[PDB]
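Worksheet: one structure, shown below.
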Amino acid sequence: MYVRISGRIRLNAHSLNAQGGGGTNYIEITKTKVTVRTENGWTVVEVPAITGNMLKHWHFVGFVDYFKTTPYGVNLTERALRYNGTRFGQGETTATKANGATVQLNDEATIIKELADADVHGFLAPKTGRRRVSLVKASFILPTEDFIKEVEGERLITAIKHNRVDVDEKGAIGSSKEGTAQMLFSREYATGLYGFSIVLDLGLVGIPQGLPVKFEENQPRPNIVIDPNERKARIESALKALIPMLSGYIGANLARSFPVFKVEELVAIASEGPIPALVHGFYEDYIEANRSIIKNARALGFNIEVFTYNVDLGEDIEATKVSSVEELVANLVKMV
Amino acid sequence: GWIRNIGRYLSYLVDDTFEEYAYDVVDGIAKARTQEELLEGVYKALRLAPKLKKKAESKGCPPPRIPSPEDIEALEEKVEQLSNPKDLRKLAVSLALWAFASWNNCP
Amino acid sequence: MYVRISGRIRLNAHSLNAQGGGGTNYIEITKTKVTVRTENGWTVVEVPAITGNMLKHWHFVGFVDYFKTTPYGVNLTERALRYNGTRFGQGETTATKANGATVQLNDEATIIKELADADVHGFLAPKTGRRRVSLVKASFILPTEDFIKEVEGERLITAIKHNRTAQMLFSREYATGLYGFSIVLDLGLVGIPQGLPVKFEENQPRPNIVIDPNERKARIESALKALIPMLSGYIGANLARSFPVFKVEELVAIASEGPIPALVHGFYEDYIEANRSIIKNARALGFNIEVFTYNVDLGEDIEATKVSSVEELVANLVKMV
Amino acid sequence: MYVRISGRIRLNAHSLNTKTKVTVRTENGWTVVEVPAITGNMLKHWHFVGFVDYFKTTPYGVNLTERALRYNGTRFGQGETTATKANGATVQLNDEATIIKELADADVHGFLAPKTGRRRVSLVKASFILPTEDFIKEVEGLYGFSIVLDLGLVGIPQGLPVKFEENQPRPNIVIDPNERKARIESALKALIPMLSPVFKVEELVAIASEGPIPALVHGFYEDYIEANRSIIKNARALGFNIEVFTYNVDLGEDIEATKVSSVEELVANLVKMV
Amino acid sequence: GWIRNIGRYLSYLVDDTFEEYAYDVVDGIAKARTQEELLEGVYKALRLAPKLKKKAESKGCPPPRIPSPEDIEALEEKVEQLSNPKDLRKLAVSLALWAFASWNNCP
Amino acid sequence: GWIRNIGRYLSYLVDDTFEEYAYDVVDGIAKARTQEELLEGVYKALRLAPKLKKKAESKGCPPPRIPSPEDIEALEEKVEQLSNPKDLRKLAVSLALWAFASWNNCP
Amino acid sequence: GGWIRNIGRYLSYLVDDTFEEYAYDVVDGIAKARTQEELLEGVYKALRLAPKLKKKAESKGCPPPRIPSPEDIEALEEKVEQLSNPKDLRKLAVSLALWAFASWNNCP
C-alpha cells in the first residue's frame, strides 16, 4: 500500500530546523524562497521553512520509536533506537545488529531482512555500492499562499536571544583567561500556517528492488523475503510514525522549542495500488483538484478510501469524517 | 561615498577597543527581508550613540562619527520605495557590510 | 514513562524573558509573531511570549531543588547545585561534581550513572563530542488566539519605569493574558545511555538501566515534582521583583508507560473537541493512557477526574508501579 | 526555611516616587485597563528597608553597608568595584564567600557587581500589589499582594551549597549560627512595614516549611480559595510538614491551621517555627 | 516626506547640550504597533516642549520652532488610516530614530 | 588590486591550522548568480572575523587583518556598476577564488 | 611565469591516479569555456577540491598536495582581466586543461 497524507497545518512559535549561520552566535533559520500569484503580479518571498530531509529524519525517529514496542524489534538496528541518521556513511562495510551481531553488505534482500532501517528508509553503501531509495518521501514545509497573501509577506522572524549563567564556585562569571563559558546566542523564531504532506510508499516494505517480483506461472506478485507478520508489523509501525508527525515531535531543539502542533485540516488516502502523489498544502484551488482526483480515480478501478479532517469536501464524494491520526492508523491497519 | 560616517560609527560599535561588542544589532540589520526588522536594527545601532560619546572620554578615545542628517535623510528617501525584497536585503546586507571594517580603531 | 502536561495559566504584569536592544534602558520582552484566524483571514500579530528555554531552565531548577532532598541526590553535577544549567561549556573536557571528584567523559555510561543532570536534561561537550538530547520538551508561552482576537491586540505591553552617583532610570515591558504551555517529560530512558539503549543480552528488548532501580525511581519523582514550581511562581526571570501571578485556568495531563503522541494545545479557536477525539482515539488504539483534568469540560466514553494538582497524581503513579 | 505569604489590603491615596494594567475576569470580557497599582520593586524596597531597620538594631547586625543605612540599595552600581561596610572597613569583592560573610543585605536580597562580575540570585521574591478583579468589575479598593522568603539560602553561597566532606548533604553555612538565626529572625520581622499608616490588613494567608514548597495563588482572583485548598491539601498529602497561618480568612475545614489575630502573632509564629 | 522638520524638532529633546536626557520617549514611540501608545508618546513629547524651549533659551542657542499643526496632523491621518501594522510601525520607528543625529544644534 | 586584502581575509577562513572551516559562505559568494548572497556570504565572513581574531590571538597565529574599508566600498562600487550577470559572476568567482591558496599565516 | 608548473602540479594531483577521485567535469569546464566566467568557476572548483586531496594524502600516506602560490593567482587574475579577446582566453583555458593531465612525481 502507498498511503498519502496532506493538508494545512498551523505551526505557531516554532524554532524548527535552523541553519546554524555558519559559525555565528546569531543562528540562521531555514529560509526558502517561494512564489505567490499575488493577483496581477507574481511575487517571490523568502520565508522560514522546514526541510523535507529533516521531516524524513523525524518520521524515521517516530518509526523506530514505535517499532521497539513490537515483539519483532530485533531486526531494528540499535543505532536507530538512539535516533541516528547514519547508514553505511563512511567506510562502513558492515552493519551492527541490535543483538551485537555483524551483518554483511551483500545480498540486499538479507540486508533489508536484518535491518528495518534498510527496509523503510533505504540505504547508501558507498564501499559496497549498495543503493536503496527511501520508501517514505517527505515534502517541504512552507507557509501556504493565502498566508503570505493575507500577511503581505511579513517576516515571521523575532530573533530572541539566549545566554548562559555561571557561578563557578566563585559567584562571578569570569573573564576570557578562565573560560567564561557564558555564550549569547540569538536563534530565529518563526511561525505561520504551513503545509504537511509526506507519502509512505509502503508497498515495497520487505520487497528488495533487485528482484521485486517473481513469475512462477507468469503472473506478477511481490517478492516478500520476510515472513508475513514481520511485514505487517513494519507496516503498522510505519503508519504509526505518522502520529508524531502531526501531534508534534519534528523540529530542531524540540526540548527547548516544542511548538504548539496541530493540523488545521487534513486529507489521507490509503491507495493500496499505485496512484498520483497527493498535492501538498500550499495553495488555494487544491480543493477542486483533490475533489476531481478523488471523484475520478474510482473510474480507473482504484479502491481508495479517503479520510477527511476539517474539510467539507462537498457531499457527493464519499469520505470518512475523522478528527485525529491514530484513528487513521487503526483503520489503515485493520484492513492490512 | 557619503557613507563614511555611518560605516565608521558601525565599526566603532562592533570592533574591538570598545568593550561593548554589539553583534546582535548587526545581525538584525543584515538579514532583513522586510523593512520592519531593518528599521529596528538601525534604531538599535543608533541607540548606543550616547554610550559611545560619553564612554569615549572614559579612556582617552576620540569621539565617534555620528551619522549626518543628510545621510540619514538620503537613506530614508531611498528606503521608502521598497517593494521587492531583493534590493531591500541588498541594502541591509550592504549596511552590515560596511558595518565591519578595519578603520583606525581609536588612535 | 512518558507524561505530557498542558495548561492554560492566567498571568498579569510579568517581566519574563526581557533583554532589550544592547545596553539601552528600555527592555523589550521578546514579543514574537503569532498567527490567528479571526474572521478576515490568518493574521500575524506581535504578541509578548515566554521562550521554552526559560521554561526548561526553570524545570531544571525545580528538578535540582527536589533532587537534593532525595537520598540519592549526591549524584548531581556541581553546576546543578549552583543553579547553572550550562553543561560542558566552552572548552570543557572533564566534568565537575558535587562531591568534588571530577569524572572523565570517556563515554555516556558514566555520565548517566554519575550525573543525573546529564541524564534528565541532556548535555553537550564540544571537545569530547558527547551529545545527548534532553528529555524535557518545553513548549512556549503564548496567549490564546481567542484572547488575542478579543483584546484588540494593543501590543499587550505597557512600559513601567524603575528608579535606583549610582542613580539611573530603567524601564521594563509588562504583559498579561491567558498563556499556555505543554511540558513533555519523556522519561522512559533515564539511566539509559544513548549509545547502548538496549543490550539485547538474550534476544529480547529491555531497558538498560545503568543505575539501580531506586535511583531511577527517585530521579523520576524529582523530575515530575519539578512541575510543581511551574504553577507556583518559579517561572521566568525577575522573580526577585516581578514574581508573576499564576493560576491554573485549565490543566490536562496524559501519562503512559509506552511511546505515545503529544496533544493539541489550546491556542486556537477550536481545540477542546480535538483533544477529546485524540484522547479517545489513543485510548481505543491500545495505549495505557491515564488522563487527568482540571477545570476543563469532558465528554462521553472518556474518563474525567477532577484532580487538584499534579503532585498527588505523580505520587499515586509511583505507588502503582 | 521557606515561607510564602499572600494577602489583600486597602490602599487609598498612595504617594510614590506607577501605573500598570489589569485584566477583566469572567466571560463578559478579557480586556485590560490602566490602573495605578504598586510595582513589585516598591514591595521589595519596603522589605529591604524593614529588614535593615530591624537588623541594625540587633547587637549582631554590624555587617551591613553604609549605603543600606540611608535606604540606598544600589547593590554595587556603576563604578563600584568594592563595598563600604557599616563599621567602615572597606571590604574587597574578591570571592562570593567573603561577600556572604561580610554582608547581610546582599545575602537577603542578592547582589550584582558587574566590574568584578560577582552575582547572586535574590532569595526574596516580590510580587505586585495589584487590584482585585471585583474592584475593576464593579467600579470600572482591594489590592492583592504576595511575598516569598527563601530564607533557607541565607548564608549559603550560590557557588556551592554542600561541601560533601563525608558524603553527606549539609548546608554550606559560612557565618556563625547565631548570626544566621538573627538574620532569619530579622527577615521574618521585616514583614511589618508593608503590613502596617493609611492601609489596613483585610485578608492574609501564609505557609511556612523547610524544604522547597510551591508558592500560593496571588490574591488577585475570585475563586482563588479553591486553589489555596488544592495547594494546602497537596502539600499535606505529599509527605513533608507545613505550617499554615490565616488572618481574617476562613481557609477550609478538616485540616490544621493557626488563626492569627494580629500581625505580631504571625511574626512570633514564624520566628519560633525556625 | 516632510519628516526632516519633525526629526529636527525631536532631536533637540535627546541631543547633547541639554540636561533633559529623556530616552524612554523615543523607545516608546518606535515600537508602537497600536495607535494608542504612539498617540500617548507624541502627546507627552509635545507637552515636554516648554521645558526644552526654556532650557534652550537659558543656554543661549535659539530654541526649536513652534510645533506646527499640519505636520503632526498628517502624522495621525497617515498612521491610523493605514490598517496594516507594517507601514505604521516602520514610520513610527523611523521618526523615533530620526532624533538620533548630531549636528550643529546648540553652539 | 583591491582583491588581495579581501581575498587574503577570505583565505583566513580556511587555511593551515585554524581549526574551524566555513565553505558554505565561500560557495555562496563564489557562484552568486543573482545580485545577492554575495554580500551575504561576505558579511557572514565578517561576522566570523572576531572568531578568527580570537583563535589567532589564542592558539598560534598573529592576529588577522580585516579588509580595508576602501576595499569594501571599491567592491560595492564595482558591483553597483555592473548590470549583466557576466560581470557579477566573474567578480564573485574572482573574489572567492583566493580562499584556497598557500598562505604562510601561522609560523 | 611560475603559474605553469604550480597549476600543472595541482591539476595533476586533482586528476592523477592513486586517488580514486577522478574529477573530469572540472577539467572539461575549464577547457570548454569561451567566456572567462566559466573558466574562473572551473579553476575555483578545482581549488575548492583541495581538502579532499589533503585528507586522502594524509590517510594513504601520499605526499601532501601542494596548493598554487598566491602570486600564481595574481598572474591568473591579471592575464584573465587584461585579455578581453576570447582567443587568448581560450588559449589559456586549454593550456590549463592540458596541464590537468601530467605525470608528475606521484606517490612512491
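Each chain gets a letter, A, B, C, D, E, F and G, in the order it is written, and its residues are counted from 1.
In the analysis below, a contact is a pair of C-beta atoms (placed from the backbone, for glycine too) under 8 Å apart; a residue touches a chain by one contact, two chains touch by 3 or more.
**Q** Two chains share more C-beta contact pairs than any other pair here; which two are they?
**A** Chains joined by the most C-beta contact pairs: A-C.
**Q** Please list the single chain whose C-alpha centre lies closest to the global protein C-alpha centre.
**A** Minimum centroid-to-centroid distance belongs to C.
**Q** What whole-number Å value describes the gap between the mean CA coordinates of chain C and chain E?
**A** 43
**Q** What's the distance between the Cα centroids of chain E and chain G, rounded to whole Å?
**A** Taking the mean C-alpha position of each chain, the two centres sit 61 Å apart.
**Q** Measuring from the mean C-alpha position of chain A to the mean C-alpha position of chain C, what distance in angstrom results?
**A** 25
**Q** Centre to centre, by mean C-alpha position, how many angstrom separate chain A and chain F?
**A** Chain centroid spacing, chain A to chain F, equals 37 Å.
**Q** Among the residues of chain B, which are close enough to touch at least two other chains?
**A** Chain B, residues with two or more chain partners: 23-24, 27, 31, 34, 36, 40, 43, 47, 89.
**Q** Which chain D residues reach two or more other chains?
**A** 158-160
**Q** Which of the residues in chain F end up touching chain A in this complex?
**A** 20, 22, 24-25, 44, 47-48, 51
**Q** Which residues of chain B touch chain E once you look at their complex with the stated criterion?
**A** 34-36, 39-40, 42-43, 46-47, 49-50, 53, 66-69, 72-73, 76-77, 80
**Q** Can you check the complex and tell me which residues of chain C touch chain E?
**A** Per the touch definition, chain C meets chain E at residues 24-26, 28, 45-46, 152-155, 159, 161, 169, 171.
**Q** Taking the touch rule as given, give the residues of chain F at its contact with chain G in the complex, in rising order.
**A** 3-4, 7, 14, 21, 23, 26-27, 30-31, 86, 89-90, 93-94, 96-103
**Q** In their shared complex, at which residues does chain C touch chain B?
**A** 21-24
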